Amino acid sequence: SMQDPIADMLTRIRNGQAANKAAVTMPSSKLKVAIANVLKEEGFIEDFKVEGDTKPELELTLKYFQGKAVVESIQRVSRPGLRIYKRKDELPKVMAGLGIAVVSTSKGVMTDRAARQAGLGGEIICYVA
Amino acid sequence: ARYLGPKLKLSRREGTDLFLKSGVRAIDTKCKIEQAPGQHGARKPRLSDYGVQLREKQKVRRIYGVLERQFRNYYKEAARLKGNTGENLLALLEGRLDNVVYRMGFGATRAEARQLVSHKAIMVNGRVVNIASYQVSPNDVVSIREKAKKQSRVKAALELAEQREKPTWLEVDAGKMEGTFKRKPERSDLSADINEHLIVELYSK
Amino acid sequence: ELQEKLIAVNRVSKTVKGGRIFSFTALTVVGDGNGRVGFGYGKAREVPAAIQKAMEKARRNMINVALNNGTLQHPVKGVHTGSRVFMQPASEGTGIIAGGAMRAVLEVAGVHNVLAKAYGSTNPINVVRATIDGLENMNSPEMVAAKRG
Amino acid sequence: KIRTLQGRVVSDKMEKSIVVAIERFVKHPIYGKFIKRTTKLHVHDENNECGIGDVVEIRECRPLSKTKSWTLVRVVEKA
Amino acid sequence: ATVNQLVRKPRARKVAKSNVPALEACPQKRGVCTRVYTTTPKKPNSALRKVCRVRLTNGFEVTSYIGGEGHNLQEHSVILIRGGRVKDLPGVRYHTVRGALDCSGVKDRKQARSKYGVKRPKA
Amino acid sequence: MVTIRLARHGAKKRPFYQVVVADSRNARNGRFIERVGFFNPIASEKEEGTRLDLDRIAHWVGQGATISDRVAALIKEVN
RNA sequence: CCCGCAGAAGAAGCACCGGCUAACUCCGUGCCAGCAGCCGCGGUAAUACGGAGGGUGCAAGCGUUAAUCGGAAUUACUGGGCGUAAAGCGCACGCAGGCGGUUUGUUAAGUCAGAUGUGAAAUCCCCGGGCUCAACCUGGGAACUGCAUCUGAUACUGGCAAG
RNA sequence: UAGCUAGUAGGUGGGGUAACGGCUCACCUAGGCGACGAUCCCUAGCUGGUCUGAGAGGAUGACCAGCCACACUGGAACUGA
């Protein structure tokens, strides 16, 4: 990317959700390992392998259950220059809470249940559905 | 401030019988139901979309005798209260003083019992009430005061609504001066023809 | 069984060497009150024969849509080719606070508790396409959980 | 000690008196954007011990002159 | 638009103007009857209508339609204006209070009385 | 010169005061340092027609507030 | 406020009726008189003008005008657009502005968390009292989305340091 | 309406107010504010809240309540907490 590494990643993934390729790959900062170690665990994709040490870079495995593809409607919201630092008792539940809401907390990125369990919100990263 | 002149021709407009004139043979057409809303009488009522909502707002207003200023206050009260907007609206109608005095035996028709409310006769829970919207809370006795216990028409009223269904949500002494607003009248023990969809969706704009 | 409903009827003309031949359109939907809905389209040269042919158009091609409580449960946005439809799930006892064409498709699904809005164009041919796409895109909590894990 | 408001020096062409701007973020009240906004307030100091371009710690004081109600406490930056 | 194009200048309004310029924030103004004119409407109409230019009290002079069914106007006395423009005649953006100071009612209408100077007939 | 007079937020012919610890020279009922206590001459077994939290008057007597007549009714019309 | 006696006895208007918009048929007039909020009606059979029966809605008021928001996603931050529908300066480097590749350290301003202050009472809101009910009067709560301070947090972002 | 400003901007001093003070008078210094909208002309009293909107947002400031401003039109002061 030039001027957001995480926004321009989220174009790269769901273009794989429009031709149903197997593996996708983007140049991977240490933040970017902490991105898809949430999407795997909540079940939206399957497996990933970092590789490279002068170009640290990922091998994400997609997940399309049918002709239907699992990662339906992912959206970045906090785009740079429009930071929305949510207080935690405003929190965006995604699609009546049926999805997950990736929030950049202190204690990590892994965020469904920061509403009650962790107990501190922050900058939204992206809605996920 | 109520509808005076004719009474049954309004039932000829709204299809089925509204209980304004009842207990006698006028069930089966002493006025030719569905035959004369007016001059152009038995005609072609080519209905519309707005109509089948507008008929229902003037169905249950005209079954109880409530004009348009007052019926919207029952609507706007039926939003702040917990639960269904429609079902609370029928609950707030059934708790009305005149609606209770009718189907707790007293009076031939609701318009009579309204006049029996407004002529100092009815007494709620030891208290004189001559206002036709004192909205009764549960576990309260209805009562007719002593100086109008038997005048003409009290004793002949109970027998007519006793062929009508005995409702669950009230208790009543057929002997004398004793009732109980028991609990909330549900949707099941309603007249079951009134469609609460078609009033909530009317005033919402 | 099923349940019909019209939408409208136009004054569709045409032009031949002679004059102005008219026609009539008939927009209907069909849905049994349990979740499946369908629609059709059909013309004629008079009024009542148009309905008769378009009514069978909807008695096939009824699409499978699951409901939750006589209502929707999660806010899909529906758009189809001229118009935007914004359906929010709401409480029980709320009526279908809705505009034109989607009233016909919601009181045939079994849907009875939705507040929703038409956002842009108000042209009832293209409105009724969108809300069927709006209910097509949805997912029940079974479709949530069984697909992700 | 108040907050020890940090600031800069903009200009010194005055006799024992300086001009301080203060970096300051804010939510823009209707759009939700962060505009870096700065103010400009005269600050009393005697020794000329801060130069044009430094970083300055400031507390309030008695209103000495017109247009100037802040004394320097100390400096954390050379020119 | 971009966020930093709405920042440096706000969303300006879509300004709305008044088309009854005999307000001065008022609903009814007094007038002292310049003439009575009998001009003609445009193409889809016919049957020339009854208008009067009116000398106001704010300082203006403007015209007004004298509707009803026949009128009563000697032309050096008082009328009262109503607004609500006629579509037909070019320039008449008012009406007259049918039954007011010096401009009395119409000769025996019997439906929609109150919008003209017709009261209860005999009972 | 601080006083403990009573305000008047009632209906027509239905007074319902407020126990108001306020200033002397100010309004009929428009200003108070603080408000504690209320009153009603329409009790007739409604409820308690007086409820004062007497410690706060025992606070503001200690400052030196001169007390007024109908409150001086209440301090013995409560025990 | 309660009580006593007459005698149905003193007490019903107002707009609309072509479409939107709930309610229709006839006489009179014939592009004249007239209506009207837009669409429009009248030039011999006017469900639209004038009149009469009948109907509709509301009610001690009903219509008309004036005035603000709403429908208007029609100034759009949540919620727009610009290839032809109004709209990409004729084109270039660029100053102040806005915006960061990539790793570690670190500070704690941005933001999150925790309290403590404070946001006058009255309205709005929820359970509860009092006028024969309701308007209205009212007890306590919640809320007043705020700003300033201490304590905490280091994932994002931000200044300093190192790549 | 893009330039404005000399008691203007700052410092020693005296003098001055209940109080810090350019609040005033001599003297030195030559500044001060401004595209994050100064001077300018036009218009307007401000808030708690009312109205409307599902919300944001939009027009409002009559009534009861907070705070200033003004007493026919221009001035200056006396007394006095």
# chains A, B, ... in the order shown; residues from 1 in each chain; ligands from 1
>>> residues_around(residues="range 42-57 of chain D", least_positions_apart="3", cutoff="6 Å", atoms="only C-alpha atoms (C1' of nucleotides)", output="number ranges by chain")
D: 4-9, 11, 16-19, 68, 70-79
>>> closest_atom_pairs(of="chain C", to="chain A", cutoff="8 Å", atoms="only C-alpha atoms", output="CSV")
residue,atom,partner,partner_atom,distance
C:73,CA,A:96,CA,7.3
C:74,CA,A:96,CA,5.2
C:75,CA,A:95,CA,6.2
C:76,CA,A:95,CA,7.9
C:141,CA,A:98,CA,7.5
C:144,CA,A:98,CA,7.2
C:147,CA,A:70,CA,6.9
C:148,CA,A:43,CA,5.3
C:149,CA,A:43,CA,6.2
>>> interface_residues(of="chain C", to="chain G", cutoff="12 Å", atoms="only C-alpha atoms (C1' of nucleotides)", output="list in words")
residues 83, 84, 85, 86, 117, 118, 119, 120 and 121 of chain C
>>> closest_atom_pairs(of="chain B", to="chain G", cutoff="10 Å", atoms="only C-alpha atoms (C1' of nucleotides)", output="JSON lines")
{"residue": "B:1", "atom": "CA", "partner": "G:59", "partner_atom": "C1'", "distance": 6.8}
{"residue": "B:2", "atom": "CA", "partner": "G:59", "partner_atom": "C1'", "distance": 8.6}
{"residue": "B:3", "atom": "CA", "partner": "G:59", "partner_atom": "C1'", "distance": 10.0}
{"residue": "B:37", "atom": "CA", "partner": "G:55", "partner_atom": "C1'", "distance": 8.4}
{"residue": "B:38", "atom": "CA", "partner": "G:54", "partner_atom": "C1'", "distance": 6.3}
{"residue": "B:39", "atom": "CA", "partner": "G:54", "partner_atom": "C1'", "distance": 4.9}
{"residue": "B:40", "atom": "CA", "partner": "G:54", "partner_atom": "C1'", "distance": 7.4}
{"residue": "B:41", "atom": "CA", "partner": "G:54", "partner_atom": "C1'", "distance": 9.7}
{"residue": "B:48", "atom": "CA", "partner": "G:22", "partner_atom": "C1'", "distance": 9.9}
{"residue": "B:50", "atom": "CA", "partner": "G:22", "partner_atom": "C1'", "distance": 8.1}
{"residue": "B:51", "atom": "CA", "partner": "G:22", "partner_atom": "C1'", "distance": 6.8}
{"residue": "B:54", "atom": "CA", "partner": "G:22", "partner_atom": "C1'", "distance": 7.3}
{"residue": "B:55", "atom": "CA", "partner": "G:22", "partner_atom": "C1'", "distance": 8.9}
{"residue": "B:67", "atom": "CA", "partner": "G:58", "partner_atom": "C1'", "distance": 8.6}
{"residue": "B:68", "atom": "CA", "partner": "G:58", "partner_atom": "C1'", "distance": 7.7}
{"residue": "B:69", "atom": "CA", "partner": "G:58", "partner_atom": "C1'", "distance": 9.5}
{"residue": "B:73", "atom": "CA", "partner": "G:134", "partner_atom": "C1'", "distance": 9.9}
{"residue": "B:80", "atom": "CA", "partner": "G:126", "partner_atom": "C1'", "distance": 9.9}
{"residue": "B:123", "atom": "CA", "partner": "G:132", "partner_atom": "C1'", "distance": 9.9}
{"residue": "B:124", "atom": "CA", "partner": "G:132", "partner_atom": "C1'", "distance": 9.8}
{"residue": "B:127", "atom": "CA", "partner": "G:132", "partner_atom": "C1'", "distance": 7.2}
{"residue": "B:128", "atom": "CA", "partner": "G:132", "partner_atom": "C1'", "distance": 6.1}
{"residue": "B:129", "atom": "CA", "partner": "G:132", "partner_atom": "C1'", "distance": 5.2}
{"residue": "B:130", "atom": "CA", "partner": "G:132", "partner_atom": "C1'", "distance": 7.1}
{"residue": "B:131", "atom": "CA", "partner": "G:133", "partner_atom": "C1'", "distance": 6.4}
{"residue": "B:132", "atom": "CA", "partner": "G:133", "partner_atom": "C1'", "distance": 8.3}
{"residue": "B:133", "atom": "CA", "partner": "G:133", "partner_atom": "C1'", "distance": 6.5}
{"residue": "B:134", "atom": "CA", "partner": "G:133", "partner_atom": "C1'", "distance": 4.9}
{"residue": "B:135", "atom": "CA", "partner": "G:133", "partner_atom": "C1'", "distance": 7.6}
{"residue": "B:205", "atom": "CA", "partner": "G:71", "partner_atom": "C1'", "distance": 9.7}
>>> closest_atom_pairs(of="chain D", to="chain H", cutoff="7 Å", atoms="only C-alpha atoms (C1' of nucleotides)", output="CSV")
residue,atom,partner,partner_atom,distance
D:14,CA,H:10,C1',5.8
D:15,CA,H:10,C1',5.4
D:37,CA,H:36,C1',6.8
D:62,CA,H:20,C1',6.6
D:63,CA,H:20,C1',5.9
D:64,CA,H:21,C1',6.5
D:65,CA,H:21,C1',6.2
>>> residues_around(residues="range 99-111 of chain C", least_positions_apart="5", cutoff="10 Å", atoms="only C-alpha atoms (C1' of nucleotides)", output="ChimeraX atom specification")
/C:2-8,27-39,65-72,85,116-118,122-132,135
>>> closest_atom_pairs(of="chain A", to="chain G", cutoff="6 Å", atoms="only C-alpha atoms (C1' of nucleotides)", output="CSV")
residue,atom,partner,partner_atom,distance
A:3,CA,G:100,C1',5.7
A:104,CA,G:155,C1',5.9
A:105,CA,G:155,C1',5.7
A:106,CA,G:155,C1',4.5
A:108,CA,G:155,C1',5.2
A:120,CA,G:112,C1',5.6
A:121,CA,G:112,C1',5.6
A:122,CA,G:112,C1',5.3
>>> select_by_dssp(residues="chain C", states="helix (DSSP H, G or I)", output="JSON, numbers by chain")
{"C": [48, 49, 50, 51, 52, 53, 54, 55, 56, 57, 58, 101, 102, 103, 104, 105, 106, 124, 125, 126, 127, 128, 129, 130, 131, 132, 133, 134, 135, 136, 141, 142, 143, 144, 145, 146, 147, 148]}
>>> residues_around(residues="residue 37 in chain H", least_positions_apart="6", cutoff="12 Å", atoms="only C-alpha atoms (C1' of nucleotides)", output="PDB file with N, CA, C and O atoms (P, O5', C5', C4', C3', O3' and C1' of nucleotides), in the first residue's frame")
ATOM      1  N   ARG E   8     -13.561  23.506   5.535  1.00  0.00           N
ATOM      2  CA  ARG E   8     -13.119  24.877   5.352  1.00  0.00           C
ATOM      3  C   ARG E   8     -14.245  25.799   4.915  1.00  0.00           C
ATOM      4  O   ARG E   8     -14.063  27.018   4.932  1.00  0.00           O
ATOM      5  N   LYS E   9     -15.394  25.248   4.520  1.00  0.00           N
ATOM      6  CA  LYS E   9     -16.607  25.989   4.274  1.00  0.00           C
ATOM      7  C   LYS E   9     -17.750  25.016   4.513  1.00  0.00           C
ATOM      8  O   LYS E   9     -17.651  23.846   4.125  1.00  0.00           O
TER       9      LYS E   9
ATOM     10  P     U H   1     -18.430  43.456  -0.699  1.00  0.00           P
ATOM     11  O5'   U H   1     -17.252  44.523  -0.583  1.00  0.00           O
ATOM     12  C5'   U H   1     -15.903  44.117  -0.399  1.00  0.00           C
ATOM     13  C4'   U H   1     -15.261  44.880   0.730  1.00  0.00           C
ATOM     14  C3'   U H   1     -13.924  44.348   1.223  1.00  0.00           C
ATOM     15  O3'   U H   1     -12.817  44.751   0.431  1.00  0.00           O
ATOM     16  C1'   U H   1     -15.341  44.707   3.070  1.00  0.00           C
ATOM     17  P     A H   2     -11.736  43.666  -0.070  1.00  0.00           P
ATOM     18  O5'   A H   2     -10.709  43.531   1.137  1.00  0.00           O
ATOM     19  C5'   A H   2     -10.064  44.685   1.656  1.00  0.00           C
ATOM     20  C4'   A H   2      -8.685  44.396   2.196  1.00  0.00           C
ATOM     21  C3'   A H   2      -7.690  43.765   1.220  1.00  0.00           C
ATOM     22  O3'   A H   2      -6.401  44.334   1.439  1.00  0.00           O
ATOM     23  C1'   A H   2      -7.835  42.449   3.169  1.00  0.00           C
ATOM     24  P     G H   3      -5.885  45.581   0.565  1.00  0.00           P
ATOM     25  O5'   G H   3      -4.711  46.198   1.447  1.00  0.00           O
ATOM     26  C5'   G H   3      -4.958  47.233   2.388  1.00  0.00           C
ATOM     27  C4'   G H   3      -5.721  46.728   3.584  1.00  0.00           C
ATOM     28  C3'   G H   3      -5.569  47.526   4.866  1.00  0.00           C
ATOM     29  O3'   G H   3      -6.365  48.694   4.897  1.00  0.00           O
ATOM     30  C1'   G H   3      -5.341  45.236   5.345  1.00  0.00           C
TER      31        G H   3
END
>>> residues_around(residues="residue 71 in chain E", least_positions_apart="2", cutoff="10 Å", atoms="only C-alpha atoms (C1' of nucleotides)", output="PyMOL selection string")
chain E and resi 50+66-69+73-74+98+103-107
>>> write_last_selection(atoms="N, CA and C atoms", output="compact mmCIF listing (two decimals), in the first residue's frame")
# COMPACT_ATOMS: atom_id res chain seq x y z
N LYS E 50 -62.44 39.65 -12.73
CA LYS E 50 -62.62 40.92 -12.04
C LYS E 50 -61.47 41.15 -11.07
N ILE E 66 -61.16 39.55 -7.24
CA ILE E 66 -62.34 40.00 -6.51
C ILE E 66 -63.41 38.93 -6.59
N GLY E 67 -63.01 37.67 -6.49
CA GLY E 67 -63.91 36.54 -6.68
C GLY E 67 -65.17 36.45 -5.85
N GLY E 68 -66.01 35.49 -6.21
CA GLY E 68 -67.37 35.39 -5.72
C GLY E 68 -68.33 35.23 -6.89
N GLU E 69 -69.54 35.77 -6.76
CA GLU E 69 -70.52 35.77 -7.84
C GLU E 69 -71.06 37.20 -7.95
N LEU E 73 -68.34 47.30 -5.75
CA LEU E 73 -67.16 48.13 -5.53
C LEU E 73 -67.30 49.48 -6.23
N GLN E 74 -67.73 50.49 -5.49
CA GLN E 74 -67.31 51.84 -5.80
C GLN E 74 -65.86 51.95 -5.34
N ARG E 98 -63.89 38.00 1.13
CA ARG E 98 -65.24 38.18 0.63
C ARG E 98 -66.21 38.36 1.80
N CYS E 103 -66.43 45.69 1.53
CA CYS E 103 -66.61 44.76 0.42
C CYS E 103 -67.50 43.61 0.90
N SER E 104 -68.81 43.80 0.75
CA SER E 104 -69.80 42.93 1.36
C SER E 104 -69.89 41.60 0.62
N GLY E 105 -70.85 40.77 1.03
CA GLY E 105 -70.94 39.42 0.55
C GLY E 105 -71.45 39.30 -0.87
N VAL E 106 -71.57 38.06 -1.30
CA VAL E 106 -72.14 37.77 -2.60
C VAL E 106 -73.63 37.51 -2.44
N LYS E 107 -74.35 37.62 -3.54
CA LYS E 107 -75.81 37.55 -3.51
C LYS E 107 -76.24 36.09 -3.45
>>> closest_residue(among="D:28, D:59, D:66, D:40", to="chain E", atoms="only C-alpha atoms")
D:28
>>> decode(residues="range 23-57 of chain D", atoms="N, CA and C atoms", output="JSON list (two decimals), in the first residue's frame")
[["chain", "number", "residue", "atom", "x", "y", "z"],
["D", 23, "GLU", "N", -0.05, 23.69, 20.39],
["D", 23, "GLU", "CA", -0.66, 22.58, 19.66],
["D", 23, "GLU", "C", -1.79, 21.96, 20.47],
["D", 24, "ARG", "N", -2.84, 21.54, 19.77],
["D", 24, "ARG", "CA", -4.08, 21.16, 20.44],
["D", 24, "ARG", "C", -4.95, 20.39, 19.45],
["D", 25, "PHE", "N", -5.30, 19.15, 19.79],
["D", 25, "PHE", "CA", -6.27, 18.39, 19.01],
["D", 25, "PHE", "C", -7.68, 18.58, 19.54],
["D", 26, "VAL", "N", -8.65, 18.23, 18.70],
["D", 26, "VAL", "CA", -10.06, 18.33, 19.04],
["D", 26, "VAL", "C", -10.83, 17.45, 18.07],
["D", 27, "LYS", "N", -11.96, 16.91, 18.53],
["D", 27, "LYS", "CA", -12.98, 16.43, 17.62],
["D", 27, "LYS", "C", -13.65, 17.63, 16.97],
["D", 28, "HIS", "N", -13.75, 17.63, 15.65],
["D", 28, "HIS", "CA", -14.57, 18.65, 15.01],
["D", 28, "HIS", "C", -16.02, 18.32, 15.32],
["D", 29, "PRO", "N", -16.82, 19.29, 15.77],
["D", 29, "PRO", "CA", -18.05, 18.95, 16.50],
["D", 29, "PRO", "C", -19.15, 18.33, 15.67],
["D", 30, "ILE", "N", -19.17, 18.48, 14.35],
["D", 30, "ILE", "CA", -20.27, 17.87, 13.61],
["D", 30, "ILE", "C", -19.79, 16.81, 12.63],
["D", 31, "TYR", "N", -18.56, 16.92, 12.14],
["D", 31, "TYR", "CA", -18.08, 15.98, 11.14],
["D", 31, "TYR", "C", -17.32, 14.80, 11.72],
["D", 32, "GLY", "N", -16.76, 14.93, 12.91],
["D", 32, "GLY", "CA", -15.91, 13.89, 13.43],
["D", 32, "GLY", "C", -14.60, 13.80, 12.68],
["D", 33, "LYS", "N", -13.79, 14.85, 12.78],
["D", 33, "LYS", "CA", -12.45, 14.86, 12.22],
["D", 33, "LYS", "C", -11.54, 15.60, 13.19],
["D", 34, "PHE", "N", -10.26, 15.26, 13.16],
["D", 34, "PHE", "CA", -9.27, 15.83, 14.06],
["D", 34, "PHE", "C", -8.50, 16.94, 13.35],
["D", 35, "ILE", "N", -8.86, 18.18, 13.65],
["D", 35, "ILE", "CA", -8.14, 19.33, 13.12],
["D", 35, "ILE", "C", -7.16, 19.81, 14.18],
["D", 36, "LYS", "N", -5.89, 19.83, 13.82],
["D", 36, "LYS", "CA", -4.85, 20.36, 14.69],
["D", 36, "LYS", "C", -5.02, 21.86, 14.78],
["D", 37, "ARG", "N", -5.49, 22.34, 15.91],
["D", 37, "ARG", "CA", -5.78, 23.75, 16.10],
["D", 37, "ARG", "C", -4.78, 24.36, 17.07],
["D", 38, "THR", "N", -4.42, 25.62, 16.83],
["D", 38, "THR", "CA", -3.46, 26.32, 17.67],
["D", 38, "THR", "C", -3.99, 27.68, 18.08],
["D", 39, "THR", "N", -3.60, 28.13, 19.27],
["D", 39, "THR", "CA", -3.98, 29.42, 19.83],
["D", 39, "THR", "C", -2.75, 30.32, 19.85],
["D", 40, "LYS", "N", -2.88, 31.50, 20.44],
["D", 40, "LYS", "CA", -1.81, 32.50, 20.44],
["D", 40, "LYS", "C", -1.97, 33.46, 21.60],
["D", 41, "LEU", "N", -1.09, 33.36, 22.60],
["D", 41, "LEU", "CA", -1.27, 34.13, 23.82],
["D", 41, "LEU", "C", 0.08, 34.64, 24.32],
["D", 42, "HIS", "N", 0.10, 35.91, 24.71],
["D", 42, "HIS", "CA", 1.32, 36.57, 25.16],
["D", 42, "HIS", "C", 1.72, 36.05, 26.54],
["D", 43, "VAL", "N", 3.02, 35.94, 26.76],
["D", 43, "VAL", "CA", 3.55, 35.31, 27.96],
["D", 43, "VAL", "C", 4.68, 36.15, 28.54],
["D", 44, "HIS", "N", 4.58, 36.48, 29.82],
["D", 44, "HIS", "CA", 5.61, 37.26, 30.49],
["D", 44, "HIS", "C", 6.83, 36.42, 30.81],
["D", 45, "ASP", "N", 8.01, 36.99, 30.55],
["D", 45, "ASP", "CA", 9.29, 36.41, 30.93],
["D", 45, "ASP", "C", 10.35, 37.50, 30.89],
["D", 46, "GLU", "N", 11.26, 37.48, 31.86],
["D", 46, "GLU", "CA", 12.18, 38.58, 32.08],
["D", 46, "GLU", "C", 13.56, 38.37, 31.48],
["D", 47, "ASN", "N", 14.10, 37.17, 31.58],
["D", 47, "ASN", "CA", 15.53, 37.00, 31.35],
["D", 47, "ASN", "C", 15.89, 36.93, 29.88],
["D", 48, "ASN", "N", 14.90, 36.91, 28.98],
["D", 48, "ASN", "CA", 15.07, 36.55, 27.56],
["D", 48, "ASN", "C", 15.78, 35.20, 27.43],
["D", 49, "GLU", "N", 15.46, 34.29, 28.34],
["D", 49, "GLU", "CA", 16.17, 33.02, 28.44],
["D", 49, "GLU", "C", 15.60, 31.95, 27.53],
["D", 50, "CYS", "N", 14.59, 32.29, 26.74],
["D", 50, "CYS", "CA", 14.10, 31.43, 25.68],
["D", 50, "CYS", "C", 14.14, 32.18, 24.35],
["D", 51, "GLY", "N", 14.51, 31.45, 23.30],
["D", 51, "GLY", "CA", 14.70, 32.05, 22.00],
["D", 51, "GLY", "C", 13.55, 31.68, 21.07],
["D", 52, "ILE", "N", 13.56, 32.30, 19.90],
["D", 52, "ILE", "CA", 12.47, 32.16, 18.95],
["D", 52, "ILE", "C", 12.51, 30.79, 18.29],
["D", 53, "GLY", "N", 11.69, 29.87, 18.80],
["D", 53, "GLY", "CA", 11.64, 28.54, 18.23],
["D", 53, "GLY", "C", 11.74, 27.43, 19.26],
["D", 54, "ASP", "N", 11.69, 27.77, 20.54],
["D", 54, "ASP", "CA", 11.91, 26.81, 21.60],
["D", 54, "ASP", "C", 10.61, 26.07, 21.92],
["D", 55, "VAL", "N", 10.64, 25.30, 23.01],
["D", 55, "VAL", "CA", 9.45, 24.65, 23.57],
["D", 55, "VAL", "C", 9.39, 25.03, 25.05],
["D", 56, "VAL", "N", 8.23, 25.54, 25.48],
["D", 56, "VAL", "CA", 8.09, 26.32, 26.70],
["D", 56, "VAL", "C", 7.02, 25.68, 27.58],
["D", 57, "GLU", "N", 7.28, 25.63, 28.89],
["D", 57, "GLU", "CA", 6.29, 25.26, 29.89],
["D", 57, "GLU", "C", 5.72, 26.54, 30.49]]
